[PDB]
Amino acid sequence: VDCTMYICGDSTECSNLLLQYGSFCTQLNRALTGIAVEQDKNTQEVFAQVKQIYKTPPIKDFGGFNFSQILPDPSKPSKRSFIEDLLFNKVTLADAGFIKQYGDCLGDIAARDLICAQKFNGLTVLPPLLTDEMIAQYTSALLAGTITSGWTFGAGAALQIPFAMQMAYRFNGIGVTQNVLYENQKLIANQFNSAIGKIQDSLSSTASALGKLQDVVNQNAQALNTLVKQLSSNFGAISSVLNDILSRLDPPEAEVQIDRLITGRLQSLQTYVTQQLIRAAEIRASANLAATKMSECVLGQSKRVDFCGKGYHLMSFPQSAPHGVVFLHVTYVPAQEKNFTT
Amino acid sequence: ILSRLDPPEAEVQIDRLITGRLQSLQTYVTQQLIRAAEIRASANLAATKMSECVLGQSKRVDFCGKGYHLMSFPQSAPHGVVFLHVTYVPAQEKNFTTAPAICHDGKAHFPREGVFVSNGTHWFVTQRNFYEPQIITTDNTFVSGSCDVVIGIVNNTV
Amino acid sequence: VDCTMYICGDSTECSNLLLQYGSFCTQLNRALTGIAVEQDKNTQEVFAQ
Amino acid sequence: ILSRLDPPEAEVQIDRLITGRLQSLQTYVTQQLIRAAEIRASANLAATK
Amino acid sequence: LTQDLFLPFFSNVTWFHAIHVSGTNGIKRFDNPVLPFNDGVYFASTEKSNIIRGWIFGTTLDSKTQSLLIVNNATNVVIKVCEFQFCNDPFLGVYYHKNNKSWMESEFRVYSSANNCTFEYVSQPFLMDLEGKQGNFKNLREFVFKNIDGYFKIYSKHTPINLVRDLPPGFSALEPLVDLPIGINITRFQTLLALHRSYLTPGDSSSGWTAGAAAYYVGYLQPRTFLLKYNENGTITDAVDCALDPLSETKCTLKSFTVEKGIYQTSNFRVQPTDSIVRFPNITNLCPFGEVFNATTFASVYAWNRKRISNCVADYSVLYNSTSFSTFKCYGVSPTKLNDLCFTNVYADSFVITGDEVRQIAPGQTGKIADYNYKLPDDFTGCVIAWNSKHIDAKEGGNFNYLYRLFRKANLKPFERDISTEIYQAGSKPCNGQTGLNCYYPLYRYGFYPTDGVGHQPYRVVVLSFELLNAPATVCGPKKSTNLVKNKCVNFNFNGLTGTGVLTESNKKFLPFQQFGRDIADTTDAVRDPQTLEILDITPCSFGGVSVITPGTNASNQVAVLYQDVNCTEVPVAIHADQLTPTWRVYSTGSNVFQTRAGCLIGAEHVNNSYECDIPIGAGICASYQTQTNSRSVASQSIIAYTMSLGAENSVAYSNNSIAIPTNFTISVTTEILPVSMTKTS
Ligand SMILES: *[C@@H]1O[C@H](CO)[C@@H](O[C@@H]2O[C@H](CO)[C@@H](O)[C@H](O)[C@H]2NC(C)=O)[C@H](O)[C@H]1NC(C)=O
Ligand SMILES: *[C@@H]1O[C@H](CO)[C@@H](O[C@@H]2O[C@H](CO)[C@@H](O)[C@H](O)[C@H]2NC(C)=O)[C@H](O)[C@H]1NC(C)=O
Ligand SMILES: *[C@@H]1O[C@H](CO)[C@@H](O[C@@H]2O[C@H](CO)[C@@H](O)[C@H](O)[C@H]2NC(C)=O)[C@H](O)[C@H]1NC(C)=O
Ligand SMILES: *[C@@H]1O[C@H](CO)[C@@H](O)[C@H](O)[C@H]1NC(C)=O
Ligand SMILES: *[C@@H]1O[C@H](CO)[C@@H](O)[C@H](O)[C@H]1NC(C)=O
Ligand SMILES: *[C@@H]1O[C@H](CO)[C@@H](O)[C@H](O)[C@H]1NC(C)=O
Ligand SMILES: *[C@@H]1O[C@H](CO)[C@@H](O)[C@H](O)[C@H]1NC(C)=O
Ligand SMILES: *[C@@H]1O[C@H](CO)[C@@H](O)[C@H](O)[C@H]1NC(C)=O
Ligand SMILES: *[C@@H]1O[C@H](CO)[C@@H](O)[C@H](O)[C@H]1NC(C)=O
Ligand SMILES: *[C@@H]1O[C@H](CO)[C@@H](O)[C@H](O)[C@H]1NC(C)=O
Ligand SMILES: *[C@@H]1O[C@H](CO)[C@@H](O)[C@H](O)[C@H]1NC(C)=O
Ligand SMILES: *[C@@H]1O[C@H](CO)[C@@H](O)[C@H](O)[C@H]1NC(C)=O
Ligand SMILES: *[C@@H]1O[C@H](CO)[C@@H](O)[C@H](O)[C@H]1NC(C)=O
Ligand SMILES: *[C@@H]1O[C@H](CO)[C@@H](O)[C@H](O)[C@H]1NC(C)=O
């Protein structure tokens, strides 16, 4: 937020009165920049766990498990997974995420768009340091490392292991001896390929990933629109237009009306910044939870109940989403419960 | 203000200073509450890390250190704490040829705590984190069913 | 919180001055309702496992 | 204020009350948001436990 | 951090010279021209021969206008504000005379006459004088002259140097000399030289006298924002011109003189509007104040005769000797802004009351007039004019016109008229339309004799009521319209609606009566030119989104700028580069312009390599300050911009039947730091 452009605009009279008023501007911006670097630290702590960009192996079948829907697709410019392509569509992101250049609002024919109703009033949107293609490079490295090494690349160097020979231990970890896998390897691989097909087709109908990710996109966008509309409040002055006061009244009497607008708009900025700090804390909590879930479900196999999935955790796969992450949790779920005497 | 103006006019100027100073204090207190929450979160994380790394050995990945957690030691610091995490980090990574369920005497043989590595024309069994091969005996192994495992190589199992 | 009843009470004079003043009331209530549904989500996430 | 003063002079005194009471509401709502975060943390801990 | 009139850093300074007839190889010259003042002057002069004596200040430099004169002669300095008739080429008199009974007889060759002197000031002589040598200017004297609110302010400094033909670089802080209350309009100025060789001029008409290479420097002050650093004694020891370069702009948003390595979002200390604009409609006709204020008869207060004032120019100057106003009180508008405003509707409301009742023509008044006769409203927005009129409304027998109401069953509402002339039963018995016990005729006639106290004398009141709507203007002030600069971030004033922004031809369509359009934020974003009917839109002068990338002020001083969301070809148009200092255009055009996905990065050399990130620019690009000694021979460090790397690319050798098993381990000990508490305060 540029302080003078929001409060005063282009007004040497107002810009002079804001000087002797106070030095809140520096304090307000110190808080907003602390939030901004935290948004990059969150993404780093979630996605840059491994610093080795493992290439996806040229093999595409691992004992029957397909993986073609969660691995990167090399056809289109975005080297994202089929499902990651499906996730970046359910989130509208009708905001400054879609770039609006400055020349788009200089030459205009009908009415000024809100995106530059806030631009012309000192409210800018900084872009994230990591490109959405860099997030996809990090997730593809994690999937490769996982499906080709298992436990090993999180605790050290990647040690190659056959996949079905790996799912044997994944079964040994939940209390099921190895032979149960090899004796059901084809049925097990089929049950796995069907569930991913189900999540794929279900990520095309109801728009439920929109739940928590679109909610934070709508929150941020709405706060800026509120901050903009609040420039039409009088706050006790004879007008909410600064050039109306400056046209009718002389400096001694115009300073009384301007100081009301200055106080009201400084309060509006302070409210915005406080709400942003609270939401930044609420999202840092979720980012820490996601950084824990990655290292404990993708780089390992957790014994914690209901932490990675619902049943007995086997493995997990990360998928990048706009301003977030998606975890595909694979569990065991025994279902037959035949009675016995014991 | 109190030197130049009289009470009726000085009260107008003083009430402005009172309002702004109260707002300055309110802002300070709100920022302090937010930072106190952010630091209570870290203090709870440290109280979890102590009881789960120093008073125990955690299986959680990357929770106490980087590799496989062995133990941890606390060190006091100004307004904080330092943890010395001791991990395992296996590092020599030599390749081998492996296969599950060696098929001997018309029955499958799976290992307990093993992966069934193979020397040149020789087969053994090793624990996953450290190369230590044994002979495939009846106690390094359990048996279940016929030989339908997708690879099932042939061996002796003495 | 009903905004006008706290600030103005029953005062068409005050209720008219609060209009041209500003629209914080709406943003104030948006925050309190987000808190209220979270209190139900907490209880659900704890007990309706 | 509304009994002794006329609208032009009563509006000056009322706008002070409006500002003060709006600030009082905003302080309440901010404290409620902070406590709601502190209790959502505990509710998540209980849902984990 | 203050906004005031300052001499910009690295600004143009004009260099003037003299004859030096004893050093120009038998060649002379006479040039100390008349220069503009322009909101303040910076004057410096390296000299050795004490040839500079003082200055002249004024507008016409004739006897028809007052002027100011400063002459430091030897002992004491003389400052006079008289009416001088200066000569076309003024200079001081004698230089010296050795034992001829004429030692230091300084006669003024400056003015032919001095009259009507108002101010006179004498004090000790400025820095130093009476030196005589060559090849070294052992004294640099600097002066800043200001003239604001009647006072003439001089600030000076005196430093010893030894140079030849250079205004020496370095920092300069001038201390206040004098604040003189001379109160004169000052537009031009001129320097006083001491040119004499045993005589002022030659034998007849030439200089042919001592000319010791007089040379001085002149700079002009501009409205700027500076960041001053006061020391323990209160002396300014350092400053920053916030409008100089991107680095200064950063040291002003962070009010500090040292900047750490990083990228900083920046406030707009960049552009300043230089010219203003007035565009009023064609009215060219004066309002009928000669017949509204100067009439044979006015209305009675109860029949107060509202009339309207359509297209005309409202110039209250015409009534200055015509009438004297005892009351002139404006509501919702200031009396000093009535010349800069155009109104869409105006009304008159003329009547006559006594002198003691003129106070009852304010908004919230009570009384016989404010209750039963006139009753101004609460939100008036107008001016109330009143003036004694005993010379036209008083007769030697009495003037029994101008009735007034005294009895009414209820107070009048705002701007309501009443001529009811019924009988007003005061008690409870019926009135029957007959004046009796409690029945009074409600209108009574004022009696205006010439032998009355000033409280009972008649007063003519005029109550102007105007509005300011989006309609076209009808009444305008005496402001004179200027041209229409429509690209250059000016101050504008179209129909009394002022502002500051960039005017530009618009494609918006207005309704036939609309004069301006607003936005979601109540800000004027388009205005109609009332002289060409053309609609043109307004753009802010400030461009937001400028981030300055610096490697630290204690490491270097070269920076890179990031113009967020701006095409690299439209940077000079977005920041208004032609209105910037030359040290700003270095960062609008460039040898190395790099178009990132965030915006245009100007100042850094885009390399094709990749490193771990040092200063995050955004959208995948980071930047750092790397040396080039291995990149080029005798190469200095610079700022590079690269696409950060996510780590070493690797590949796992996967297959159906191959496993890797470790043969050795590595016990490692890593640290983890967690804050547990913070400082508790009360
Ligand atoms: C040089 O400046 C001196 C400053 O003292 C002035 O001397 C005055 O000369 C006038 C006559 O012109 C006398 O009436 C005053 O008595 C002198 N000054 C004093 C001591 O008050 C004078 O303005 C300049 N020129 C001369 C003649 O010295
Ligand atoms: C400025 O000087 C002029 C010229 O001397 C003054 O005008 C004369 O003033 C004298 C002194 O009272 C009168 O006797 C003359 O009748 C005036 N002449 C004319 C034609 O005006 C003038 O008074 C001076 N003004 C000031 C401000 O002192
Ligand atoms: C406007 O006129 C109405 C009607 O003539 C006035 O109301 C009446 O006031 C009289 C005297 O106070 C009462 O006897 C009547 O009962 C009222 N009639 C009604 C319909 O209420 C009213 O006072 C006038 N208002 C003004 C300010 O002039
Ligand atoms: C794997 O997935 C692809 C794409 O969904 C599908 O067409 C195919 O039937 C699956 N089988 C293979 C080749 O493993
Ligand atoms: C037997 O199993 C069924 C379901 O498997 C269960 O509903 C039932 O309660 C069990 N016991 C008896 C006695 O039927
Ligand atoms: C300033 O000086 C430069 C360099 O000598 C010259 O090119 C330019 O015309 C000057 N500008 C002004 C305004 O004097
Ligand atoms: C202040 O002034 C005194 C004497 O005028 C001088 O000695 C000192 O160096 C100055 N600066 C300070 C005290 O910082
Ligand atoms: C102005 O008033 C003076 C003083 O009565 C008078 O002499 C003069 O004629 C009037 N008119 C003008 C145009 O000065
Ligand atoms: C005012 O009225 C008088 C009538 O005596 C007339 O002579 C005069 O010209 C009018 N105008 C002015 C400006 O005095
Ligand atoms: C107003 O004046 C300008 C120039 O003085 C002229 O071009 C224009 O036609 C006039 N009329 C209108 C309606 O602008
Ligand atoms: C920048 O402008 C050039 C020429 O006008 C155009 O070719 C290019 O596509 C533009 N790029 C952007 C990002 O605006
Ligand atoms: C960077 O690589 C591109 C790709 O060919 C090339 O066009 C450009 O000249 C290179 N720039 C430098 C500075 O090496
Ligand atoms: C063998 O091991 C090395 C490192 O231990 C590894 O780089 C390589 O890919 C493995 N496989 C083959 C076929 O070399
Ligand atoms: C394991 O590594 C250490 C590292 O120095 C080495 O000294 C030791 O001999 C190794 N053990 C082996 C090769 O068995």
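Residues numbered from 1 in each chain as written, not as in the entry; some residues may be left out. Chains lettered and ligands numbered in written order. Part of a larger assembly, values for the part shown. Heavy atoms only, no water. Residues with missing side-chain atoms left out of burial classes, pairs and counts.

What the deposited record gives as its method is cryo-EM, and the resolution it gives is 2.93 Å.

Per the PDB entry, chain D goes by the name Spike glycoprotein and belongs to Bat coronavirus RaTG13.

With the PDB entry as reference, chain C is termed Spike glycoprotein, source organism Bat coronavirus RaTG13.

Enquirer: Tell me what's going on with the overall build of chain C, and back it up with residues and numbers.
Expert: Helix and strand content of chain C: three helices and zero strands. For chain C, the succession of helices and strands along the chain, N to C, is α-α-α. By the burial criterion, 33% of the 49 residues in chain C qualify as buried. About 3200 Å² of surface is accessible on chain C, with carbon and sulfur atoms providing 53% of the total. (Helix = DSSP H or I, 4+ residues; strand = E, 2+ residues; numbered from the N terminus. Buried < 20%, exposed > 50% of the residue type's maximum accessible area, 1.4 Å probe, protein only. Areas by Shrake-Rupley, 256 points an atom, 1.4 Å probe, with all protein chains shown as cover.)

Enquirer: Can you explain the overall build of chain D? Please cite residues and give values.
Expert: Per the secondary structure count, chain D includes one helix and zero strands. By the burial criterion, 35% of the 49 residues in chain D qualify as buried. For chain D, the exposed surface amounts to about 3000 Å²; the carbon and sulfur share of it is 54%. Averaging the locations of the 6 positively and 5 negatively charged side chains of chain D gives two centres separated by 18 Å. (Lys, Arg positive; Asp, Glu negative; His and termini not counted. Charge placed at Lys NZ, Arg CZ, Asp CG, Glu CD.)

Enquirer: I'd love a proper account of the site of ligand 1, names of residues and values included.
Expert: Residue and element names in this part refer to chain E. What surrounds ligand 1 is the set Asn73, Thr75, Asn76 and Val78. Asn73 is positioned such that a nitrogen or oxygen atom in its side chain is 2.4 Å from an oxygen atom of ligand 1. Protein coverage of the free-state accessible area of ligand 1, which is 540 Å², stands at 28%. For the shell around ligand 1, a count of residues per class yields one nonpolar, three polar and no charged. (Near = heavy atom within 4 Å. Polar contact = N/O pair within 3.5 Å; in protein donor to acceptor, adjacent residues only side chain to side chain. Nonpolar A, V, L, I, M, F, W, Y, C, P; charged D, E, K, R; others polar.)

Enquirer: Account for helix α11 (residues 185-202) of chain A, naming residues and giving values.
Expert: For α11(A), with 18 residues, the first-to-last C-alpha span of 26 Å sits near the 26 Å given by 1.5 Å per residue. On its buried face, α11(A) is in contact with α9 (163-173), α10 (179-182), β2 (313-321) and β3 (324-331) of chain A. (Expected span 1.5 Å × (residues − 1). Contact = heavy atoms within 4.5 Å.)

Enquirer: Report on α9(A), specifying residues and quantitative values.
Expert: For α9(A), the tally of buried residues reaches eight of eleven residues, placing the bulk of the element in the interior. Of the residues making up α9(A), those classed as buried are A:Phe163, A:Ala164, A:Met165, A:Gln166, A:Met167, A:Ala168, A:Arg170 and A:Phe171. On the buried face of α9(A), the contacting elements are α7 (132-149), α10, α11 and β2 of chain A, β3 (94-98) of chain B together with β42 (658-661) of chain E. The first or second residue beyond α9(A) is A:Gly175, which carries a positive phi of 90 degrees.

Enquirer: So what's going on with the pattern of salt bridges? Which residues, and what values?
Expert: Residue and element names in this part refer to chain A. If you walk through the whole model with that rule in mind, you get 26 salt bridges over all chains. Salt-bridge contacts for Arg284 lead to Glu38; the nearest nitrogen and oxygen are separated by 3.1 Å. In this pair, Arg284 is assigned in helix α14 (residues 251-298) and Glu38 in helix α3 (residues 24-47), connecting sequence segments 246 residues apart. Assessed through its relative accessible area of 15%, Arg284 is described here as buried. Put simply, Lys198 and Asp201 hold a salt bridge, and the shortest N to O gap is 2.6 Å. (Salt bridge = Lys/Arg side-chain N within 4 Å of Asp/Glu carboxyl O.)

Enquirer: Tell me about the nonpolar core, residues and numbers included.
Expert: Counting residues in hydrophobic clusters, the biggest one holds 56 residues, and the most contacted among them are A:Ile7, A:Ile258, A:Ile262 and D:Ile18. Looking at this core, the element that brings in the most residues is α14(A), giving eleven residues. Among the nonpolar cores identified, the runner-up in size contains 46 residues, and E:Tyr316, E:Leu319, E:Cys383 and E:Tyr402 belong to it. (Core = buried A, V, L, I, M, F, W, Y, C linked by side-chain atoms within 4.5 Å.)

Enquirer: An account of the environment of E:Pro414 is requested, with residue identities and associated values reported.
Expert: Residue and element names in this part refer to chain E. Structurally, the position occupied by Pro414 is in the loop between β24 (403-405) and β25 (443-445). Sequence separation between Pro414 and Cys252 is 162 residues, and the spatial gap between their C-alpha atoms is 54 Å. Apart from residues lying up to four places away in sequence, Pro414 is in contact with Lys375, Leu376 and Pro377.

Enquirer: Give me the lowdown on the interface of chain E and chain A, citing residues and values where you can.
Expert: Listed by partner, the interface residues are 68 residues for chain E and 65 residues for chain A. Taken together, the two surfaces of chain E and chain A that pack against each other cover about 5700 Å², and 55% of this comes from carbon and sulfur. When residues of chain E are sorted by the area they lose upon contact with chain A, E:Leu646, E:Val652 and E:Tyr654 head the list and together hold 15% of the total. Linking chain E with chain A are zero salt bridges. Counting the contacts that link chain E with chain A gives 24 residue pairs in polar contact. (Buried area = accessible area lost by both parts, 1.4 Å probe.)

Enquirer: Any chance you could break down the environment of E:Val144 for me, citing the residues and the numbers?
Expert: Residues and elements named next belong to chain E. One can find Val144 in strand β9 (residues 139-148). With a relative accessible area of 13%, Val144 lands in the buried category. Discounting chain neighbours no more than four positions away, the residues touching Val144 are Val41, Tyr42, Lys153, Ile154, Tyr155, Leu174 and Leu221.

Enquirer: With reference to specific residues and values, describe the sheet that holds strand β43 (residues 668-675) of chain E.
Expert: In space, the three strands of this open sheet follow the order β1(B)-β2(B)-β43(E), with antiparallel pairing throughout. Each of the sheet's edge strands pairs with one partner strand only, and the pair in question is β1 (69-77) of chain B together with β43 of chain E. Adjacent strand axes in the sheet meet at a mean angle of 20 degrees, parallel and antiparallel pairs treated alike. (Pairing = 2+ DSSP bridges. Axes fitted to C-alpha atoms, helices over the stretch in contact; angles between N-to-C directions.)

Enquirer: Lay out unusual backbone geometry in plain terms, naming residues and giving numbers.
Expert: A positive phi angle, close to 60 degrees, is found at A:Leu93, a residue other than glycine. Looking at where A:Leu93 falls in the secondary structure, it is placed in the loop between α4 (82-90) and α5 (103-106). Of note, the phi angle at E:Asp39 is positive, near 65 degrees, even though the residue is not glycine. Inspection of the secondary structure assignment puts E:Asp39 in the loop between β3 (35-36) and β4 (41-47).

Enquirer: Residues and numbers for the state of the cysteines, please.
Expert: Covalent bonding between the sulfur atoms of two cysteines defines a disulfide. Within this structure, the stated rule accounts for 17 disulfides over all chains. Disulfide pairing is shown between B:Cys53 and B:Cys64; the S-S distance is 2.0 Å. Disulfide B:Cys53 to B:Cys64: torsion about the S-S bond roughly -75 degrees, handedness left-handed. Here B:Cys53, found in helix α1 (residues 7-54), pairs with B:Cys64, found in the loop between α1 and β1; they are eleven residues apart in sequence, far enough to count as distant. The same class applies to B:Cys53 and to B:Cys64, which are both buried. Disulfide pairing is shown between C:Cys8 and C:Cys14; the S-S distance is 2.0 Å. (Disulfide = S-S within 2.5 Å.)

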